[PDB]
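*Asks:* With the input below, show me the fold.
(7 chains)
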Amino acid sequence: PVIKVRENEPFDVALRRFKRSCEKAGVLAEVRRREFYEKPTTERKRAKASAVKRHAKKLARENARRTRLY
Amino acid sequence: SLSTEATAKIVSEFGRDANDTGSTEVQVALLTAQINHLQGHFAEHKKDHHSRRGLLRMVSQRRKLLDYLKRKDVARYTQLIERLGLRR
Amino acid sequence: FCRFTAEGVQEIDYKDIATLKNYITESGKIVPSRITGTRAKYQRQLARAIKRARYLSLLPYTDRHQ
Amino acid sequence: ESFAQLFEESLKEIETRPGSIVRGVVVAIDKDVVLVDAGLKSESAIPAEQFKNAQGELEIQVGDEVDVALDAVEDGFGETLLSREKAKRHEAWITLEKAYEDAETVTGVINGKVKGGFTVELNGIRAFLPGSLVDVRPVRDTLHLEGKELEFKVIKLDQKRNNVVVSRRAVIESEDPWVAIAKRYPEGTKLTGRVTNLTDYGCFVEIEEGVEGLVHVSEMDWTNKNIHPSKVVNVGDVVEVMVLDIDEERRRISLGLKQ
Amino acid sequence: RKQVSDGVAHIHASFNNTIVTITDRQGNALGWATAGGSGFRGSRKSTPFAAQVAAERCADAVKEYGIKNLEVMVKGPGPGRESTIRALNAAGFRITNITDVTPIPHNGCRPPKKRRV
Amino acid sequence: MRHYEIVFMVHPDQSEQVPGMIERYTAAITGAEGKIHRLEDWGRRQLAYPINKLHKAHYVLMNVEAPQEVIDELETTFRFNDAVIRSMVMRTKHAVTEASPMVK
RNA sequence: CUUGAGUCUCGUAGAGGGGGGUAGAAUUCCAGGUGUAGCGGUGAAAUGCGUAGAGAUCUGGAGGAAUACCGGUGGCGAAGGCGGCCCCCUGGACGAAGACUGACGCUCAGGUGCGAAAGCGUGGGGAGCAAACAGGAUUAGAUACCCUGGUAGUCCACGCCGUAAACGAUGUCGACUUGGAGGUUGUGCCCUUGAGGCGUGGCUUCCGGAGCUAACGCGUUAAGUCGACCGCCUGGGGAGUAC
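*Replies:* Numbering: from 1, shown residues only, chains lettered A, B, ... in the order given. The coordinates are given below.
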């Protein structure tokens, strides 16, 4: 996330750009994931469970949407 | 795997028509040549278990082929095992 | 909306650095196939090409390093 | 018999997919829904805002015919994608007609350059232009009477992205998105883009040749968090947006709307 | 001491404590300050406010070097990441580059074990 | 026999030597009745990252239909030769003769 | 005899296996520069490291281990399992047409082999992590959870061990029975008039019909309808223990 302040650019804007760049990089998240060790099984489990949750969110709620609430 | 030219050769010798390629004897031979080839490999690479699994399968299939030949036609089997030098 | 299918390339070239640079990050990262919409078959080889480039110092591994 | 088979292929022969064949007869109007029947499986839930012309009142009563659009079928019940898009094909045909004689002649009134180029409006729709095209020369319609009437003489079009720039004055004078994504880039090039779907964190206005923009939730207005995009803009409408940010790598052009 | 116009700010932002270190462009450190040293302990020094005041202190320290331009490198995750740089800005330097300088391995060493809490 | 694709890199200070080495390489390939389908002196080039502390280096691309033994010999030569900092012998299916995207 | 089974021809994708090279990031240590009082850690601390100059910061070097992004209810493998690039040797799978062989098949008690992690032996290696251990906390106590350190081991070579919730808790092979939404990998035709249109094969994720089921659920990848062979069960404990 290397950044250079443009000529006649506000500081705050520059900071915002940097924050955006960092977010894009996923650096903080990267760090968080590497703080301590995750067992392979745990990693697999998380990935799978997340996928399951995603699929539920995609399909079951769509089905629910078809019917009106009131 | 066996090189195409070598396949073609072995087929030519043992196959009657040289277009057949499926003749029991031909097949036996193909397997035998492959087994011979892989012997050097596995002399080098003793832990290559996965590849050896194939080797064993090929052997077993050769073996079955030999048995089939025996029951069908004994002489032909004899000639095949003199050509290839198979102890049995 | 894959490019490679439309172009119909047989294999991605690690030499064609410009094509590669489209699929790498500003930080040097290889871009996911979700974002690029590259086809899976084509994505793998693209990654392979990128890495070969990186070995050859045609592409950088990352923005920071020097 | 084969009566029916022959009819099936006949009825194939006498319809097409896009909004081309002006076939749907308006068989019920109520505010705020118009409905037609173009020989489809079901009737279209048409908005009233596809069918009021240039000053805000309706124009077609029962029995009137406009084609709609297709190639998307049954979200759960119903049939179509809207008919004004059909009008876009007619506008494209008019623009192409220029090629024949190298001059398309309409009225074109371009007051100000949204994204460098004056905005030119043809009867109902208003399109955005690149800078040079508003004026044949440096004439600069800012000194002309506001919203003046000349014509449009085409200077530049993007040919996949509907950006068309036209020359208002001077009657005498007569993969693919992502490699060179530096055209609308620099910091602040504003665009006219139709929104597609509002995902409760976003609006997804994306018009310019197979790209994706997000004006997500923070700008959109001059209130931050209590906004809920569906309340504040629209569904399916061409708006003010500009880039503010481009990734060419992770294909996230992050447009804005508070401007 | 020799005056220098342009230099660096290194911001080591940990979870527990922030460390600001101003240096010349070559690598030689001029001054430094810390949230822990600014008089912040435990809960208090792991905060953006602690970080900004540490940054302010560091800025004060290198007054005699008369630095004007500055580029910043931000290391690590912490609260004193944005706050620190804002504080630095306020202190009145021309911020030139903002760089993120976190060490990300490409799956190298095994991290320590997950805490059981 | 087998279509290899070689790209090796020379130290920039040795750029003037580069032709001779190329010739030498070529000769070996010819010795074993190995064909040489394309050959592109890329020249001096800025590195994406400084390998062995230097920032530029001299790229040579090279396409060969040759036996593995000579390829191995070439690899050994490269590894011992100090001029060439990096090499990449890389198999290929076909003789690809049309040349490279940026030579163009 | 050619349907099953197999061979031959051309391609295809693959973290399949074995060997040998190499790349970059990051940690650790060493040497040196700058520099000055803290660092570190937690819920909060303290042990610990620091003015014998730490932490921070820059330069150079050493060494080991693992390969960010790509990366995906993606791929390959009999299972265990397999992930940076390159090369060498090597096994399987699938498709396309043909050509051939002509039941050569399925299953399998004993038998033989492969078989995570930990563990053992001999010889190497040893960065990080870390059973054991030590100290600091917490606590009524704390032979734990948390913190600071830390040795076997983890790594390599060759042997042994032969077990795991070694799980789909679902033996293998074959046949038949409504559907939808995908993924992946082929392939035939079609104006590819465009990312497409119509098929046809392989593997694969989810939902669901009939039927089945104690229900939960399974549902063309069956836990449905049948055939062939094997393995295994007969109340709980005692006990997968004793001899």
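*Asks:* Every contact and neighbour count from this point should use C-alpha atoms.
*Replies:* Fine.
*Asks:* Can you tell me what sits against stretch D:132-143?
*Replies:* The contact list for stretch D:132-143 (C-alpha atoms under 8 Å, 6 or more residues apart in numbering or on different chains) reads D:110-113, D:117-120, D:153-156, D:165-170, D:173.
*Asks:* So in chain C, which helix runs the longest?
*Replies:* Ranked by residue count under DSSP state H, the longest helix found in chain C is helix C:40-55.
*Asks:* Would you indicate which residues of it are buried?
*Replies:* For helix C:40-55, burial by neighbour count (16 or more other C-alpha atoms under 10 Å in any protein chain shown) applies to C:42-43, C:46-47, C:49-55.
*Asks:* Spell out, range by range, the helices that occur in the chain.
*Replies:* You didn't pick a chain, so chain A it is. Using DSSP H, helices in chain A cover A:11-25, A:27-33, A:40-66.
*Asks:* could you do chain E instead?
*Replies:* In chain E, the segments counted as helices under DSSP H are E:48-61, E:82-91.
*Asks:* do you know which of those helices lies nearest residue D:249?
*Replies:* helix E:82-91 (25.3 Å; C-alpha to C-alpha).
*Asks:* Mind listing residues that contact that closest one?
*Replies:* With C-alpha under 8 Å, 6+ apart as the contact definition, helix E:82-91 has outside contacts at A:11, A:15, E:11, E:48-49, E:51-56, E:59, E:72, E:95.
*Asks:* Quick one: these as JSON lines, columns for neighbour count too.
*Replies:* Shown next, in JSON lines, are the contacts of helix E:82-91 (neighbours: other C-alpha atoms under 10 Å in any protein chain shown):
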{"residue": "A:11", "neighbour count": "18"}
{"residue": "A:15", "neighbour count": "17"}
{"residue": "E:11", "neighbour count": "26"}
{"residue": "E:48", "neighbour count": "22"}
{"residue": "E:49", "neighbour count": "18"}
{"residue": "E:51", "neighbour count": "34"}
{"residue": "E:52", "neighbour count": "27"}
{"residue": "E:53", "neighbour count": "22"}
{"residue": "E:54", "neighbour count": "30"}
{"residue": "E:55", "neighbour count": "33"}
{"residue": "E:56", "neighbour count": "23"}
{"residue": "E:59", "neighbour count": "25"}
{"residue": "E:72", "neighbour count": "22"}
{"residue": "E:95", "neighbour count": "21"}
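*Asks:* Run through those and flag the ones next to chain D.
*Replies:* Residues of the contacts of helix E:82-91 in contact with chain D (C-alpha under 8 Å from any C-alpha of the partner chain): none.
*Asks:* between those, which is closest to residue E:38?
*Replies:* When these are ranked by distance to residue E:38 (C-alpha to C-alpha), residue E:54 comes first, at 5.7 Å.
*Asks:* distance of the closest one from chain A?
*Replies:* Separation of residue E:54 from chain A (C-alpha to the nearest C-alpha, to the nearest Å): 19 Å.
*Asks:* That residue reaches residue E:19, doesn't it?
*Replies:* Yes - with contact defined as C-alpha atoms under 8 Å, residue E:54 counts as touching residue E:19 (7.4 Å).
*Asks:* For residue C:23, give me its contacts.
*Replies:* When contacts are counted by C-alpha under 8 Å, 6+ apart, residue C:23 touches C:30-31, C:36, D:249-250.
*Asks:* secondary structure class for residue F:21?
*Replies:* With DSSP: H, G, I helix; E, B strand; the rest coil as the basis, residue F:21 sits in helix.
*Asks:* Close to chain F: what parts of chain C are there?
*Replies:* C:15-16, C:56-60, C:65-66.
*Asks:* what ranges do the helices span in the stretch 1-150 of chain D?
*Replies:* Secondary structure of the stretch 1-150 of chain D by DSSP state H, counting those that start in this stretch: the helices cover D:2-13, D:84-101.
*Asks:* which ones are touching residue D:173?
*Replies:* Under the criterion of C-alpha under 8 Å, 6+ apart, the contact list for residue D:173 reads residue D:136.
*Asks:* quick one on the thing from earlier: mind checking which of the contacts of residue C:23 land in helices?
*Replies:* residue C:36.
*Asks:* and chain A, which of the contacts of residue C:23 reach it?
*Replies:* Within the contacts of residue C:23, nothing lies near chain A by C-alpha under 8 Å from any C-alpha.
*Asks:* Report the beta-bridge partner residues of residue F:51.
*Replies:* Applying DSSP bridges to residue F:51 gives these bridge partners: residue F:54.
*Asks:* you'd agree residue D:254 is up against residue D:213?
*Replies:* Yes - taking contacts as C-alpha under 8 Å, residue D:254 lies within contact range of residue D:213: 5.5 Å.
*Asks:* who has more neighbours, the two?
*Replies:* Between residue D:254 and residue D:213, counted using other C-alpha atoms under 10 Å in any protein chain shown, the more crowded position is residue D:213 (25 against 17).
*Asks:* What are the phi and psi values at the residue of chain B found nearest chain A?
*Replies:* Closest approach of chain B to chain A (C-alpha to the nearest C-alpha) occurs at residue B:50, with a separation of 24.3 Å. The phi/psi pair for residue B:50 (degrees, to the nearest 10) reads phi -60, psi -50.
*Asks:* List the buried residues in stretch B:4-17.
*Replies:* With burial defined by 16+ other C-alpha under 10 Å, the residues of stretch B:4-17 counted as buried are B:7, B:10-12, B:14-15.
*Asks:* from the chain's centre, how far out does that stretch sit?
*Replies:* 12 Å (C-alpha atoms, centre = their mean, to the nearest Å).
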